Amino acid sequence: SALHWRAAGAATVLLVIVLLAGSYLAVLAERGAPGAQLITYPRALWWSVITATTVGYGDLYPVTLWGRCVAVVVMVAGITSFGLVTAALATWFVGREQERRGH
Amino acid sequence: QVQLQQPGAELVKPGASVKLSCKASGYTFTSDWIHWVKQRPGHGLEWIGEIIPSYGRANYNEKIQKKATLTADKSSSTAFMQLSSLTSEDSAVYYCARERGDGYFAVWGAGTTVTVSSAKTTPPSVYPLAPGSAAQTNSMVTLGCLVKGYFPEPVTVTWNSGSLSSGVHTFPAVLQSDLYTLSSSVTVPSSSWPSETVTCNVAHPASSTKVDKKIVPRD
Amino acid sequence: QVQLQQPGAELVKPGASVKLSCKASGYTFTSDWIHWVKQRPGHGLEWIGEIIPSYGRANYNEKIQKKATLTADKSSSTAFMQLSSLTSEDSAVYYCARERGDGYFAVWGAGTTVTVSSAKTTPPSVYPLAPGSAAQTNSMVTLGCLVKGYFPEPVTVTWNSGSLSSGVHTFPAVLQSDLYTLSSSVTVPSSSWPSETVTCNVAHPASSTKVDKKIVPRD
Amino acid sequence: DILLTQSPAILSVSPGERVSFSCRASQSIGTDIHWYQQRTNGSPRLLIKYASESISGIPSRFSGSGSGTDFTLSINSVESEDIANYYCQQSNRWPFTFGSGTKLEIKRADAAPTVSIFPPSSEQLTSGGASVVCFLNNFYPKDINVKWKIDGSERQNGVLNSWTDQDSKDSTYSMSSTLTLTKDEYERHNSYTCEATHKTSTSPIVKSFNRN
Ligand SMILES: [K+]
Ligand SMILES: [K+]
Ligand SMILES: [K+]
Ligand SMILES: [K+]
Ligand SMILES: [K+]
């Protein structure tokens with residue numbers, strides 16, 4: 001199995017991990033901050049997804065330094081993962097296009 | 001089984017500190033949070049704080065004077081709350097609770113009644129309460145036991161080691177001269193007594209004492 | 001044509017259950033939702049529930065006691081609402097409606113009047129109402145029919161099989177001795193009668209009976 | 001800090017009747033509300049979670065509803081055992097908060113009290129003491145009065161009364177009346193009587209006994 005496929009495969013795994021970990025850590029970091037809503041795990045996971053995909057609807061978000069730091073890591077991993085998938089696809093199309101040209 | 005075990009009572013002199021516990025059993029997860037709730041007699045529930053055993057962090061109520069300090073022992077699955085420099089104002093029932101990190105208190109401990117007084121602990125004296133030889137009985141007969149001279153609260157009175165629960169009235173304790181006093185009443189078929197025994201179990205957590213007193217007809 | 005057909009009445013004894021229907025015609029889409037609305041005499045409309053035929057899921061009002069259960073038959077395009085363990089409190093008109101999933105009730109059924117009583121069904125007796133031989137007539141003449149001794153509500157009174165609608169007053173039914181009674185009045189040109197016939201059509205859905213009574217001048 | 005307002009603080013309802021408790025948050029909180037039931041001397045117990053979700057072990061009789069700011073806890077056909085205090089609790093914003101609570105009172109039929117008097121036990125008399133207990137059981141309404149008489153003369157000194165909250169078994173109330181005296185004081189008196197004046201009768205209910 002080529003690397004772009006294997007990497008794309010890994011990116012997925014790590015992303016899911018980042019989501020779970022970021023969910024856990026967001027709660028740990030936000031409880032204790034008056035008025036924070038990112039304090040229960042189920043909605044904390046939803047928040048992590050909507051952040052990683054960059055949808056960010058605005059229903060939930062961190063107010064503390066650490067919550068925002070955790071948030072950045074989720075953002076980055078999310079943009080990179082989906083972005084790496086794009087890389088793999090391009091690589092996939094390139095290879096086959098070369099073949100289609102007899103190369 | 002009882003998910004959260006809490007000591008029955010804790011007598012503390014004004015100015016001193018005490019360390020309450022909360023033994024936890026049953027399923028446990030890294031996302032579990034143990035909360036503490038204060039409730040003074042006749043009043044509502046007050047959120048004191050919380051702590052997450054898996055990580056060890058704890059947060060507190062910013063609207064009140066910080067008197068507690070929460071810690072956790074992962075090996076023994078026990079949560080502790082240190083209350084310091086207490087005053088009568090801190091006299092109340094302190095409940096511990098478990099939240100699966102989803103916002104609700106799925107289970108509560110029985111609660112630890114903490115009393116702040118200089119007075120000394122004192123076990124209760126249980127006296128029987130049988131009808132007078134002139135008292136006329138109906139299809140039912142009323143019996144009981146007198147529990148006076150104990151400190152501090154509380155006490156748990158049961159009949160026939162719990163097997164007898166119907167028709168039982170345990171009156172609120174009255175304070176007089178640094179000592180509480182209360183009685184318990186139990187009604188059962190007039191015929192069933194004194195053929196079928198009737199005993200009152202009186203436990204006093206504060207002194208670690210539990211005595212029994214069978215109620216037999218007067219001589 | 002009528003998009004939603006609903007039975008006229010349903011008599012139900014207290015403690016029993018009934019199953020109302022709502023035959024749907026016209027354009028139908030996978031996104032259609034069939035709602036049910038309760039309305040007690042003299043009061044507002046209450047949302048009971050809804051269901052989406054295409055998928056078969058239904059939701060209910062959480063502010064009231066669940067008495068209904070919604071189902072759907074895609075082949076016959078019919079929606080049903082099961083009401084159980086009813087009491088007088090459940091006596092009311094139950095309307096079914098169709099929403100194209102865009103939030104509004106584009107069409108409503110005629111409604112099914114449900115009565116909760118132990119009393120037995122009873123058809124109405126229609127009596128004519130012609131003027132007295134001493135009554136003087138103007139350019140207009142008033143006629144009518146007396147409908148008494150029926151149960152339960154309701155009844156629909158029409159004149160000349162509907163062709164005559166102007167100048168018609170159908171009074172609210174009065175309950176007395178487990179029986180309702182009401183009259184209908186119709187005014188027409190004094191000259192047109194009794195040359196042109198005048199008949200009252202009285203239908204009683206509850207008993208599945210519809211009788212006619214021509215109004216002719218007294219002997 | 002979200003303020004959850006529970007009003008009225010007390011709710012009187014007749015047996016088998018429907019009842020609804022109210023809880024209004026200071027600000028919108030979706031459906032992040034939890035209801036708890038706490039009986040006299042009992043620990044809080046979860047009834048409904050997230051505004052309307054049922055909980056295993058809890059009777060289908062209990063129901064919840066609402067979203068945003070106004071929440072309601074409902075009970076169809078209230079029975080004796082529903083007697084207790086009820087609290088709502090929000091988990092929308094940190095820190096979690098509690099509503100001040102609403103007590104449920106049941107208005108049953110009037111019932112005369114069951115009076116019983118007991119002479120001081122021999123075990124107590126041996127300690128130089130003597131307490132005479134008088135029970136007034138299962139009566140309603142809770143309003144009542146107890147008069148003590150020794151040898152026919154009313155007594156007041158040394159009397160301690162205690163009332164119980166509405167019983168969650170039959171919705172009645174009970175009361176204990178304890179007259180405490182020294183062994184000596186007890187020895188120099190013949191008969192001791194207890195009298196209960198209650199709405200259920202124009203005449204008081206009495207119970208006596210002679211030390212001999
Ligand atoms: K975006
Ligand atoms: K966006
Ligand atoms: K937004
Ligand atoms: K927004
Ligand atoms: K992009």
# chains A, B, ... in the order shown; residues from 1 in each chain; ligands from 1

$ residues_around --residues "range 34-48 of chain B" --least-positions-apart "4" --cutoff "6 Å" --atoms "only C-alpha atoms" --output "PyMOL selection string"
(chain B and resi 61+92-98) or (chain D and resi 100)

$ interface_residues --of "chain D" --to "chain B" --cutoff "8 Å" --atoms "only C-alpha atoms" --output "CSV table (one decimal) with C-alpha atoms, in the first residue's frame"
chain,number,residue,atom,x,y,z
D,32,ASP,CA,-29.7,21.0,30.7
D,34,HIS,CA,-32.1,17.7,36.3
D,42,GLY,CA,-33.4,10.9,53.0
D,43,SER,CA,-30.6,11.6,50.5
D,44,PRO,CA,-31.3,13.4,47.2
D,45,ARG,CA,-32.4,11.1,44.3
D,46,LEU,CA,-32.3,11.7,40.6
D,49,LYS,CA,-32.3,14.0,33.6
D,90,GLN,CA,-28.6,23.1,35.9
D,91,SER,CA,-25.4,21.9,34.2
D,92,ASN,CA,-25.4,24.3,31.3
D,95,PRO,CA,-20.6,26.1,38.2
D,96,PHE,CA,-23.5,23.7,38.5
D,97,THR,CA,-26.3,25.3,40.6
D,98,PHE,CA,-29.4,24.3,42.5
D,100,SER,CA,-34.1,26.5,46.2
D,101,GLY,CA,-36.6,23.7,46.3
D,116,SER,CA,-51.0,6.4,73.8
D,117,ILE,CA,-49.3,7.2,77.2
D,118,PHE,CA,-46.4,5.3,78.7
D,119,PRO,CA,-45.0,5.3,82.2
D,120,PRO,CA,-41.3,5.8,82.8
D,121,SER,CA,-39.4,2.5,82.5
D,123,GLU,CA,-34.4,1.0,83.8
D,124,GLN,CA,-34.7,4.8,83.8
D,135,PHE,CA,-47.8,9.7,71.6
D,160,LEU,CA,-41.0,18.8,75.5
D,162,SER,CA,-41.7,17.1,68.9
D,163,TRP,CA,-43.6,17.1,65.5
D,164,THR,CA,-42.9,15.0,62.5
D,174,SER,CA,-47.6,12.6,64.4
D,175,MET,CA,-46.4,14.2,67.7
D,176,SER,CA,-44.6,13.1,70.8
D,209,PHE,CA,-52.3,5.9,84.4

$ interface_residues --of "chain A" --to "chain B" --cutoff "7 Å" --atoms "only C-alpha atoms" --output "PDB file with N, CA, C and O atoms, in the first residue's frame"
ATOM      1  N   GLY A  32     -14.349  25.362  36.253  1.00  0.00           N
ATOM      2  CA  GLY A  32     -13.629  26.237  37.166  1.00  0.00           C
ATOM      3  C   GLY A  32     -13.578  27.653  36.605  1.00  0.00           C
ATOM      4  O   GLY A  32     -13.066  28.579  37.239  1.00  0.00           O
ATOM      5  N   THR A  40     -19.134  19.382  29.706  1.00  0.00           N
ATOM      6  CA  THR A  40     -19.650  18.008  29.752  1.00  0.00           C
ATOM      7  C   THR A  40     -19.075  17.292  28.522  1.00  0.00           C
ATOM      8  O   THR A  40     -18.977  17.888  27.446  1.00  0.00           O
ATOM      9  N   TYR A  41     -18.683  16.026  28.688  1.00  0.00           N
ATOM     10  CA  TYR A  41     -18.044  15.274  27.615  1.00  0.00           C
ATOM     11  C   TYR A  41     -18.755  15.072  26.274  1.00  0.00           C
ATOM     12  O   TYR A  41     -18.123  15.178  25.234  1.00  0.00           O
TER      13      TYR A  41
END

$ residues_around --residues "residue 151 in chain B" --least-positions-apart "6" --cutoff "9 Å" --atoms "only C-alpha atoms" --output "PyMOL selection string"
chain B and resi 119-124+178-180+204+206-207

$ interface_residues --of "chain A" --to "chain D" --cutoff "10 Å" --atoms "only C-alpha atoms" --output "list in words"
residues 30, 31, 32, 33, 34, 35, 36, 37, 38, 39 and 40 of chain A

$ atom_distance --atom1 "CA of residue 108 in chain D" --atom2 "CA of residue 9 in chain D"
19.7 Å

$ closest_residue --among "B:202, B:83, B:157, B:216" --to "residue 116 in chain B" --atoms "only C-alpha atoms"
B:83

$ residues_near_ligand --ligand "ligand 2" --cutoff "12 Å" --atoms "only C-alpha atoms and all ligand atoms" --output "NGL selection string"
:A and (50-58 or 75)

$ closest_atom_pairs --of "chain A" --to "ligand 5" --cutoff "9 Å" --atoms "only C-alpha atoms and all ligand atoms" --output "CSV"
residue,atom,partner,partner_atom_place_in_ligand_line,distance
A:54,CA,ligand 5,1 (K),8.9
A:79,CA,ligand 5,1 (K),7.2
A:82,CA,ligand 5,1 (K),8.1
A:83,CA,ligand 5,1 (K),7.0

$ write_last_selection --atoms "C-alpha atoms" --output "compact mmCIF listing (two decimals), in the first residue's frame"
# COMPACT_ATOMS: atom_id res chain seq x y z
CA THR A 54 -13.61 24.18 11.06
CA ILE A 79 -6.91 20.98 8.95
CA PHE A 82 -8.29 16.59 5.86
CA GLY A 83 -5.56 18.48 4.05

$ residues_around --residues "residue 85 in chain C" --least-positions-apart "6" --cutoff "6 Å" --atoms "only C-alpha atoms" --output "ChimeraX atom specification"
/C:15-17

$ closest_residue --among "A:89, A:24, A:78, A:19" --to "ligand 1" --atoms "only C-alpha atoms and all ligand atoms"
A:78

$ residues_around --residues "residue 70 in chain D" --least-positions-apart "4" --cutoff "12 Å" --atoms "only C-alpha atoms" --output "list in words"
residues 63 of chain C; 4, 5, 6, 7, 21, 22, 23, 24, 25, 26, 27, 28, 29, 30, 31, 32, 33, 51, 64, 65, 66 and 88 of chain D

$ write_last_selection --atoms "N, CA and C atoms" --output "PDB file, in the first residue's frame"
ATOM      1  N   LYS C  63     -45.742  18.465  27.417  1.00  0.00           N
ATOM      2  CA  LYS C  63     -46.401  19.260  28.449  1.00  0.00           C
ATOM      3  C   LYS C  63     -47.722  18.655  28.927  1.00  0.00           C
TER       4      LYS C  63
ATOM      5  N   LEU D   4     -31.626  29.488  39.460  1.00  0.00           N
ATOM      6  CA  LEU D   4     -32.785  28.657  39.193  1.00  0.00           C
ATOM      7  C   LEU D   4     -33.821  29.020  40.264  1.00  0.00           C
ATOM      8  N   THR D   5     -34.942  29.582  39.828  1.00  0.00           N
ATOM      9  CA  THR D   5     -36.008  29.964  40.750  1.00  0.00           C
ATOM     10  C   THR D   5     -37.114  28.922  40.783  1.00  0.00           C
ATOM     11  N   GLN D   6     -37.395  28.415  41.976  1.00  0.00           N
ATOM     12  CA  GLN D   6     -38.456  27.435  42.170  1.00  0.00           C
ATOM     13  C   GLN D   6     -39.557  28.068  43.015  1.00  0.00           C
ATOM     14  N   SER D   7     -40.709  28.312  42.400  1.00  0.00           N
ATOM     15  CA  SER D   7     -41.840  28.918  43.097  1.00  0.00           C
ATOM     16  C   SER D   7     -43.149  28.365  42.549  1.00  0.00           C
ATOM     17  N   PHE D  21     -44.349  21.144  39.346  1.00  0.00           N
ATOM     18  CA  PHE D  21     -43.414  22.019  40.037  1.00  0.00           C
ATOM     19  C   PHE D  21     -42.787  22.906  38.967  1.00  0.00           C
ATOM     20  N   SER D  22     -42.414  24.125  39.336  1.00  0.00           N
ATOM     21  CA  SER D  22     -41.803  25.028  38.374  1.00  0.00           C
ATOM     22  C   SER D  22     -40.370  25.392  38.740  1.00  0.00           C
ATOM     23  N   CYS D  23     -39.557  25.607  37.708  1.00  0.00           N
ATOM     24  CA  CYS D  23     -38.156  25.976  37.860  1.00  0.00           C
ATOM     25  C   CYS D  23     -37.775  26.856  36.669  1.00  0.00           C
ATOM     26  N   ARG D  24     -37.434  28.110  36.953  1.00  0.00           N
ATOM     27  CA  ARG D  24     -37.050  29.062  35.915  1.00  0.00           C
ATOM     28  C   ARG D  24     -35.606  29.518  36.070  1.00  0.00           C
ATOM     29  N   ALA D  25     -34.806  29.296  35.032  1.00  0.00           N
ATOM     30  CA  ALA D  25     -33.406  29.693  35.059  1.00  0.00           C
ATOM     31  C   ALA D  25     -33.271  31.184  34.747  1.00  0.00           C
ATOM     32  N   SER D  26     -32.252  31.819  35.319  1.00  0.00           N
ATOM     33  CA  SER D  26     -32.016  33.236  35.089  1.00  0.00           C
ATOM     34  C   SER D  26     -31.723  33.499  33.610  1.00  0.00           C
ATOM     35  N   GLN D  27     -31.165  32.503  32.918  1.00  0.00           N
ATOM     36  CA  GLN D  27     -30.869  32.623  31.490  1.00  0.00           C
ATOM     37  C   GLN D  27     -31.142  31.295  30.781  1.00  0.00           C
ATOM     38  N   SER D  28     -31.259  31.339  29.458  1.00  0.00           N
ATOM     39  CA  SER D  28     -31.540  30.135  28.675  1.00  0.00           C
ATOM     40  C   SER D  28     -30.462  29.060  28.832  1.00  0.00           C
ATOM     41  N   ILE D  29     -30.902  27.812  28.985  1.00  0.00           N
ATOM     42  CA  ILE D  29     -29.997  26.680  29.183  1.00  0.00           C
ATOM     43  C   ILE D  29     -30.439  25.412  28.457  1.00  0.00           C
ATOM     44  N   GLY D  30     -30.972  25.573  27.247  1.00  0.00           N
ATOM     45  CA  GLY D  30     -31.426  24.425  26.479  1.00  0.00           C
ATOM     46  C   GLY D  30     -32.303  23.512  27.318  1.00  0.00           C
ATOM     47  N   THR D  31     -31.872  22.272  27.506  1.00  0.00           N
ATOM     48  CA  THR D  31     -32.620  21.317  28.314  1.00  0.00           C
ATOM     49  C   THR D  31     -31.685  20.683  29.340  1.00  0.00           C
ATOM     50  N   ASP D  32     -30.655  21.432  29.741  1.00  0.00           N
ATOM     51  CA  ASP D  32     -29.671  20.960  30.715  1.00  0.00           C
ATOM     52  C   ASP D  32     -30.200  21.102  32.151  1.00  0.00           C
ATOM     53  N   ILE D  33     -31.331  20.471  32.433  1.00  0.00           N
ATOM     54  CA  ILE D  33     -31.904  20.556  33.769  1.00  0.00           C
ATOM     55  C   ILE D  33     -32.184  19.172  34.355  1.00  0.00           C
ATOM     56  N   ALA D  51     -34.032  17.528  31.479  1.00  0.00           N
ATOM     57  CA  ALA D  51     -35.404  18.020  31.340  1.00  0.00           C
ATOM     58  C   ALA D  51     -36.563  17.042  31.146  1.00  0.00           C
ATOM     59  N   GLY D  64     -41.122  15.064  32.893  1.00  0.00           N
ATOM     60  CA  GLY D  64     -40.547  16.394  32.859  1.00  0.00           C
ATOM     61  C   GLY D  64     -40.806  17.052  31.523  1.00  0.00           C
ATOM     62  N   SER D  65     -40.637  18.368  31.466  1.00  0.00           N
ATOM     63  CA  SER D  65     -40.860  19.094  30.225  1.00  0.00           C
ATOM     64  C   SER D  65     -40.365  20.530  30.288  1.00  0.00           C
ATOM     65  N   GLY D  66     -40.070  21.078  29.113  1.00  0.00           N
ATOM     66  CA  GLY D  66     -39.595  22.444  29.022  1.00  0.00           C
ATOM     67  C   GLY D  66     -38.260  22.560  28.311  1.00  0.00           C
ATOM     68  N   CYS D  88     -34.431  21.305  41.288  1.00  0.00           N
ATOM     69  CA  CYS D  88     -33.978  21.276  39.905  1.00  0.00           C
ATOM     70  C   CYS D  88     -32.514  21.662  40.009  1.00  0.00           C
TER      71      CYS D  88
END

$ atom_distance --atom1 "CA of residue 178 in chain D" --atom2 "CA of residue 134 in chain D"
6.3 Å

$ atom_distance --atom1 "CA of residue 201 in chain D" --atom2 "CA of residue 110 in chain D"
10.5 Å

$ residues_around --residues "residue 29 in chain A" --least-positions-apart "5" --cutoff "8 Å" --atoms "only C-alpha atoms" --output "MDAnalysis selection string"
chainID A and resid 64 66:67

$ write_last_selection --atoms "N, CA and C atoms" --output "PDB file, in the first residue's frame"
ATOM      1  N   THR A  64     -11.043  29.770  28.615  1.00  0.00           N
ATOM      2  CA  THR A  64      -9.759  29.800  29.323  1.00  0.00           C
ATOM      3  C   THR A  64      -8.562  29.605  28.397  1.00  0.00           C
ATOM      4  N   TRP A  66      -5.999  27.566  28.553  1.00  0.00           N
ATOM      5  CA  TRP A  66      -5.821  26.150  28.242  1.00  0.00           C
ATOM      6  C   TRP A  66      -6.880  25.595  27.284  1.00  0.00           C
ATOM      7  N   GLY A  67      -8.136  25.981  27.477  1.00  0.00           N
ATOM      8  CA  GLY A  67      -9.195  25.523  26.597  1.00  0.00           C
ATOM      9  C   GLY A  67      -8.912  25.997  25.173  1.00  0.00           C
TER      10      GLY A  67
END

$ residues_around --residues "residue 159 in chain C" --least-positions-apart "2" --cutoff "7 Å" --atoms "only C-alpha atoms" --output "list in words"
residues 157, 161, 162, 163, 164, 165, 198, 199, 200 and 201 of chain C

$ write_last_selection --atoms "C-alpha atoms" --output "PDB file, in the first residue's frame"
ATOM      1  CA  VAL C 157     -78.640  19.900  10.109  1.00  0.00           C
ATOM      2  CA  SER C 161     -79.999  18.752   1.015  1.00  0.00           C
ATOM      3  CA  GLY C 162     -77.742  21.786   1.334  1.00  0.00           C
ATOM      4  CA  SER C 163     -79.227  23.799  -1.537  1.00  0.00           C
ATOM      5  CA  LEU C 164     -80.863  26.069   1.055  1.00  0.00           C
ATOM      6  CA  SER C 165     -78.248  27.747   3.257  1.00  0.00           C
ATOM      7  CA  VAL C 198     -88.571  22.653   2.309  1.00  0.00           C
ATOM      8  CA  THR C 199     -86.979  19.645   4.018  1.00  0.00           C
ATOM      9  CA  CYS C 200     -84.533  19.363   6.916  1.00  0.00           C
ATOM     10  CA  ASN C 201     -81.722  16.807   6.710  1.00  0.00           C
TER      11      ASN C 201
END
